[PDB]
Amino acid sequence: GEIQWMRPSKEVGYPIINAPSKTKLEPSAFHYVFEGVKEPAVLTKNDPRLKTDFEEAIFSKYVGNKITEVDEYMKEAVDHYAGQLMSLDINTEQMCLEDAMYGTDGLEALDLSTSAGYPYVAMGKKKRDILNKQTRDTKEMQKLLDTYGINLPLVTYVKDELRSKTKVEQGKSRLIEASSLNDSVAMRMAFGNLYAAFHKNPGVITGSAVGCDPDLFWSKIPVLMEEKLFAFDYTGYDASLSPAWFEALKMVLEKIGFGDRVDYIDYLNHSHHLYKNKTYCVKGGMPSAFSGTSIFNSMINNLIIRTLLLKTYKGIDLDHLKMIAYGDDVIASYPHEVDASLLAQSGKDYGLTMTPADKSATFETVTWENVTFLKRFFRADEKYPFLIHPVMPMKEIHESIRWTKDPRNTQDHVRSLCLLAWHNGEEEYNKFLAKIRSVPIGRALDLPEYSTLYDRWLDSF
């Protein structure tokens, strides 16, 4: 990803976009009951905590484009992945406006709380004013599609979330690149069935985990993985993607019956963005908030890993590459041991910056004991080994519970954390509940006890 140019929006015919400047994150009733070191991300260039230029920091993720065209290894990767996806008999017909808007089997309705993007955000028009969940009315949307068309600028907002102290000082805030509601709708109409097929088929065939339920999926993953696991982290994955990776994605789409609308991919690759009073053009880089971000990043990850394996290990048997991606996150395997360090080396030539799994300083062997996926470890249940626990460390949960974005959601927020935490065991879960109940807010919540969650879990399979 690389920014071609950036300049005042008015110079290119666009209005200034108002973006919040104050975090909605504030210390929760549990702020001093649990340990934590994260704080709300910087949202404005004048944040006191900043120790470097803000604008430069948030856009530094665009490290450039290392590759121009699709080489032979990538083409091979494309053929293998596409051939694999072919076995799913994915429905290639366009999805009707109604379902694209309000959902159908395998595709949730459009999120009504998130930005409607340009130009709606500039006309003070919300999604709630356009969509009718009980009516499933498409008239207003259709009228808007005809009026403002598609391929509209993506509206950039700084993401309001917790970040390490280092990332706050270095202005390393993440960005939300919201595609207009029109584009989102058009893309779900174009690829709606592809998305549904992926959501209904998490595993090693789609090579994707999007739409998965960790509580149930964790027990299925091992049986899908090979003998030897391998994994690694990406530094700024989305933004590092070069145009060639988007072209490779289109080839996959053409081969599986969607050649009909690969043009939509161009809109993602060569994209137009609005931020505050500036507009900028990016070549490469996956936009962070459009309908399909996760899925397309996952598909591209499948192409990347196959490519690096072909480039590094000629003769590799991709039919025995078993991987599951979720955007940039990935858990992979092969019958034979592979060197992630070598793969990482091959990765640089493709514009990818790969580092040791889970922030290790060195590339170590990945085992079922130390591997993580979506920040969750895998642990066989003590009583029924065949049931696998997705174990998210308490550290993350403690960090999260120390802040709130709305006192009215305290109950939901804390229940959510409980669904993640109990997997750490009864002793730990009870210590968590007790601390929660050491303050009034926590004592007034209705939280499930350990045995309740365990029973609920066994009854969910």
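Numbers for residues come from their place in the sequence shown, where the first is 1.
Trainee: Of 91-99 and 186-194, which one has the bigger average CA B-factor?
Mentor: For C-alpha atoms only, the mean B-factor is higher in 91-99.
Trainee: Test of understanding: from the entry's C-alpha B-factors, which stretch has the higher mean, 112-120 or 283-291?
Mentor: Between 112-120 and 283-291, it is 112-120.
Trainee: By the entry's C-alpha temperature factors, tell me which of 146, 266, 160, 319 sits highest.
Mentor: When the deposited C-alpha B-factors of 146, 266, 160, 319 are compared, 146 is largest.
Trainee: Could you tell me which one of 379, 128, 272, 376 shows the highest CA temperature factor in the PDB record?
Mentor: The listed residue with the largest C-alpha B-factor is 128.
Trainee: Should residue 12 be placed in the lowest, middle or highest third of its chain by the C-alpha B factor in the entry?
Mentor: For residue 12, whose C-alpha B-factor we compare with every modelled residue in the chain, the answer is the highest third.
Trainee: Relative to the other modelled residues in the chain, which third contains the C-alpha temperature factor of residue 139: lowest, middle or highest?
Mentor: Highest third, going by the recorded CA B-factors of the chain.
Trainee: Sorting the chain's CA B-factors, does residue 133 end up in the lowest, middle or highest third?
Mentor: Within its chain, residue 133 is a highest-third residue by C-alpha B-factor, going by the deposited values.
Trainee: Ordered by C-alpha B-factor within the chain, which third holds residue 28? Give me lowest, middle or highest, please.
Mentor: Middle third by C-alpha B-factor.
Trainee: Thinking about Cα B factors across the chain, which third does residue 329 belong to?
Mentor: Its C-alpha B-factor belongs to the lowest third of this chain's values.
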